[PDB]
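A.B. asks: Let me begin by handing over the structure; questions about it come next.
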Amino acid sequence: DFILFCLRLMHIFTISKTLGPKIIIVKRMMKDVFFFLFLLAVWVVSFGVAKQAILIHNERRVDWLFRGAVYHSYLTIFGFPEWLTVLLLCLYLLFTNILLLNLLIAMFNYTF
Amino acid sequence: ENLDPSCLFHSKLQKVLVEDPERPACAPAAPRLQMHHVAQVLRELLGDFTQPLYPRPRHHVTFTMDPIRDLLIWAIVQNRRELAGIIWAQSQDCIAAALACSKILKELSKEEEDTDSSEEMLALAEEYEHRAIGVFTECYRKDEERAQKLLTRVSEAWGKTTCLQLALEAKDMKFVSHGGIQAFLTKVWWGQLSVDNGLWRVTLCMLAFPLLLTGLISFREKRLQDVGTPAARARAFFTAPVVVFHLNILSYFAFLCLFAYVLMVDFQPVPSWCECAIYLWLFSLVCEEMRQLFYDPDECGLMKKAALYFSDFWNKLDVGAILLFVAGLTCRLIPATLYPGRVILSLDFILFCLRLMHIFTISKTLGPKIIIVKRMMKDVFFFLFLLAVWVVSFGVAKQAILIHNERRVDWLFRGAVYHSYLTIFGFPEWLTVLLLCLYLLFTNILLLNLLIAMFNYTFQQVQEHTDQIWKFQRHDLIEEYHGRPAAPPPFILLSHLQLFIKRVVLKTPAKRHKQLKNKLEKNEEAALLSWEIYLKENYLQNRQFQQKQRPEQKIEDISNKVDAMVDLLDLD
Amino acid sequence: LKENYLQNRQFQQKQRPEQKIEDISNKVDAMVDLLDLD
Amino acid sequence: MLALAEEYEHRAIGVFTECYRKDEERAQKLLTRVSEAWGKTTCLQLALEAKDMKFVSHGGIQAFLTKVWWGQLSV
Ligand SMILES: [Ca+2]
């Protein structure tokens, strides 16, 4: 409820001349923000499940390996195994560093 | 017989005359022009889906049915513009006629092997699709319902095809991008129930069985809405294709969760039960796609239907995932290759989860963005080659200067590769500052502006008509889920078995449904055609009045009056 | 083909609207001179 | 003088696009030929040395460059 109260302070910027239309713009942008973030979430879950399947055997560990792989996927999302590691990192680079970012740039520029 | 010789249609007719064997059966030197030769060369132009127009005799004056059709085709095929513009105004059912002329002119303009007449033919075809749009928008603004009824009807005059199929096969963007036909597609997509309920209401009625028996959601055709026959209401609710779409999405989601669970924990060398349920569901999916291939509503080419199936993107992706799963099971059955079978099934899980991106095509705002990304990937790839050779260049240069020659296999090589990866992901004082500032100047600036420029550039073009492409794309999704049975992929075997045992012994092969195509009665069709004739006569007057109101025409009229006046004053 | 091109060029230059306005103006000036001569 | 030169490159583009729309092959043959009247130079070399963007940006001459670039085999 403190978060809800502090959200109410954004109403102050409506009275000023230059600031209000930007708030009205953000109120429109949130709609396709949400439906993008679903697409991003299912994508990162897909690569997390694929990596934890290939590079770790089947183990019934409850909170150790699960939170470890989840923290690995979180660190990836926030930003002879030589050929295999280079292939996995370059595939994650090619997908994540490029495609959905241009999707966001295109959609946000379009609605703006 | 007196068609002019220089045109393309005369050349194709003179070929198909001598390709007939029945004339060397009679006499080789004498050519006899028959009507079914013209019908054959017209069937080659119009498409395979239509039946021949002029029949062959299997044996005073005599009229064929609808002679204005024949005169319009004879004026169209040899690019006489002003004759066609005159005798189109006399035509019976003009909506189908304009689109058929547009299809004929596009197909005849493709094979021209010239330059002037090809552009003339394309301009004429575009003009005729404008005529069809004008007459249909008059019929739409007057009455909402009969204008919808005018689309799905079969037309005897043009070889038993509907108007919508001609508009699709001729690839007319501006006709199907009209508001009324899009409203028709939405009306078919929402099915039996009313179109104003919203998505969350259908979601809650899908989750809750007794909520449909209440006063919730909506209906149209209020004989079912008022009187309570909940068996019929439930059959109508589960018949609708939106419901079948959400059921397939939910079943696919549960299938993916079970596949991820068995891949993460239950990959066993002994054959497993949670695996065999998934093999059952995947056999269900492949039998569904085989049924989707074998559907032939009209008589058509099997190889042509195969090219039509494999032309589509998601069919290629679906059959690739099926083939990879077939390979993965044979890799799983051999005990020596169990872990390669595991990694193959993981890559196939990636392929299955890529299929969930298809859901966003149906929504209004989201689909054009997918069409934009499908264009952007092409120069994405050729950029990433340039980025890779660049980072390899600085990695090799740095590892050459700051490390001596050592034959270490995996230690120093993976160390330098991890250093280059950490660089890519984001008195040695002067040298280190120089190396870091050089990597800063190159990496933090140049290729980033290359990406910004190229991506902005291609977005500025594809953004313009992604919407017009998507409105044309919208049809086949609705047609497929109209054709698909209602059961989710667990029970679609129970749906498939009755159809398969029925088709073999005594049934029809395939028949279209009476929502997309139907044959009207004569008593209704006469009044409908008279209504359309009267609205065409209404449209032509507004067109000629608007063309008279143009300013350049007023200037030309004043000039002609002034020339008449100076001639009159010269005569005095 | 050059002789073919020149005719299309001069016909397109004749079809311009400002040239039509100038032609109407010259005809009207000829007419007012003729009515002044009577 | 600059306006007159731009007008004359428009004249050259118009006559060449007529020759191109009528026949595809002889229009290609018209470029590479040597001209005795203007000191034994070809037309393409004059269009390059005069720096005319709109002449070499035409579709037919670009098709000629593609045709030379693909060489003996089909394009
Ligand atoms: Ca399919």
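Chain B residue numbers are taken from Swiss-Prot; in order, the displayed residues are 524-582, 614-980, 1020-1165.
Each residue, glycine too, has its Cβ placed from N, Cα and C.
According to Swiss-Prot, the protein carries these features:
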- B:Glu843, B:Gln846, B:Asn869, B:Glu1073: Ca(2+) binding site (BINDING)
- B:753-769: intramembrane segment (INTRAMEM)
- B:1080-1098: intramembrane segment (INTRAMEM)
- B:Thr740: phosphothreonine (MOD_RES)
- B:770-795: topological domain 'Cytoplasmic' (TOPO_DOM)
- B:817-827: topological domain 'Extracellular' (TOPO_DOM)
- B:849-867: topological domain 'Cytoplasmic' (TOPO_DOM)
- B:889-896: topological domain 'Extracellular' (TOPO_DOM)
- B:918-929: topological domain 'Cytoplasmic' (TOPO_DOM)
- B:951-970: topological domain 'Extracellular' (TOPO_DOM)
- B:1045-1079: topological domain 'Cytoplasmic' (TOPO_DOM)
- B:796-816: transmembrane segment (TRANSMEM)
- B:828-848: transmembrane segment (TRANSMEM)
- B:868-888: transmembrane segment (TRANSMEM)
- B:897-917: transmembrane segment (TRANSMEM)
- B:930-950: transmembrane segment (TRANSMEM)
- B:1023-1044: transmembrane segment (TRANSMEM)
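Structural setting of the listed features?
C.D. replies: B:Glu843 (Ca(2+) binding site) falls within a helix when secondary structure is assigned with DSSP. Cβ neighbours within 10 Å of B:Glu843 (Ca(2+) binding site), excluding its own Cβ and spanning all shown chains: 15.
Counting every protein chain shown, the Cβ of B:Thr740 (phosphothreonine) has 12 other Cβ atoms within 10 Å.
Remote same-chain residues near the topological domain 'Extracellular' (B:817-827) are listed as 889, 892, 896, 899-900, 903 (criterion: CB distance under 8 Å, separation of at least six residues from the stretch ends).
Proximity of distant same-chain residues to the topological domain 'Cytoplasmic' (B:849-867), defined by a Cβ-Cβ separation under 8 Å and at least 6 residues beyond the stretch ends, is recorded for 571-572, 1069, 1076, 1102-1105.
Remote same-chain partners of the topological domain 'Extracellular' (B:889-896), defined as residues 6 or more beyond its termini with a Cβ less than 8 Å from a stretch Cβ, comprise 817, 821, 823, 882-883.
Outside the topological domain 'Cytoplasmic' (B:918-929), and at least 6 residues removed from its termini, the chain residues within Cβ reach (under 8 Å) are 911, 1051-1052, 1055-1056, 1059-1060, 1062-1063, 1066.
Residues 1028 of the same chain lie 6+ residues outside the topological domain 'Extracellular' (B:951-970) yet bring a C-beta within less than 8 angstroms of a C-beta in it.
Long-range Cβ contacts of the transmembrane segment (B:796-816) within its own chain (Cβ-Cβ under 8 Å, at least 6 residues beyond either end) map to 743-745, 756-757, 760, 826, 828-829, 831-832, 835, 903, 906-907, 909-910, 913, 916, 1074, 1077, 1079, 1081-1083.
Below 8 angstroms of C-beta separation, residues 833, 836, 839-840, 843, 894-896, 898-899, 901-902, 905-906, 908-909, 912 of the same chain, each at least six residues beyond the ends of the transmembrane segment (B:868-888), sit close to that stretch.
Here the transmembrane segment (B:897-917) has Cβ contacts under 8 Å with residues 799, 803, 806, 810, 813-814, 817, 868, 871-872, 874-875, 878-879, 881-882, 885-886, 924, 1066, 1070 of the same chain, all six or more residues outside its ends.
Panel annotation: around the transmembrane segment (B:930-950), residues 970-971, 973-974, 977-978, 1032, 1035, 1040, 1043-1044, 1047-1048, 1051-1052, 1055 of the same chain, lying at least six beyond its termini, place a Cβ under 8 Å from a Cβ of the stretch.
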A.B. asks: Cα distance, B:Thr740 (phosphothreonine) to B:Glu843 (Ca(2+) binding site), nearest Å?
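C.D. replies: Counting only the Cα atoms, the answer is 25 Å.
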A.B. asks: For the recorded Ca(2+) site, whose residues are B:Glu843, B:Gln846, B:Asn869, B:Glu1073, find every other residue on that chain with a C-beta no more than 8 angstroms from the centre of their C-beta atoms, and list them by sequence position.
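C.D. replies: Here the non-site neighbours turn out to be B:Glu842, B:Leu847, B:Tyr863, B:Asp866, B:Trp868, B:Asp872.
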A.B. asks: In whole Å, note down how far the CA of B:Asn869 (Ca(2+) binding site) lies from the CA of B:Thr740 (phosphothreonine).
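C.D. replies: About 24 Å separate the Cα atoms of these two residues.
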A.B. asks: Do any residues, 6 or more residues outside the intramembrane segment (B:1080-1098), come within under 8 Å Cβ-to-Cβ of it, and if so which ones?
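C.D. replies: For the intramembrane segment (B:1080-1098), the list is 801-802, 804-806, 809, 835, 838-839, 841-842, 845.
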A.B. asks: What number of additional C-beta atoms lies within 10 angstroms of the C-beta atom of B:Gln846 (Ca(2+) binding site)?
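C.D. replies: Other Cβ atoms within 10 Å of B:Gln846 (Ca(2+) binding site): 14.
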A.B. asks: Tell me whether B:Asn869 (Ca(2+) binding site) sits in a helix, a strand or coil according to DSSP.
C.D. replies: helix
A.B. asks: Of the residues in the topological domain 'Extracellular' (B:889-896), how many are helix, strand and coil by DSSP?
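C.D. replies: Within the topological domain 'Extracellular' (B:889-896) the tally stands at 8 helix, 0 strand, 0 coil.
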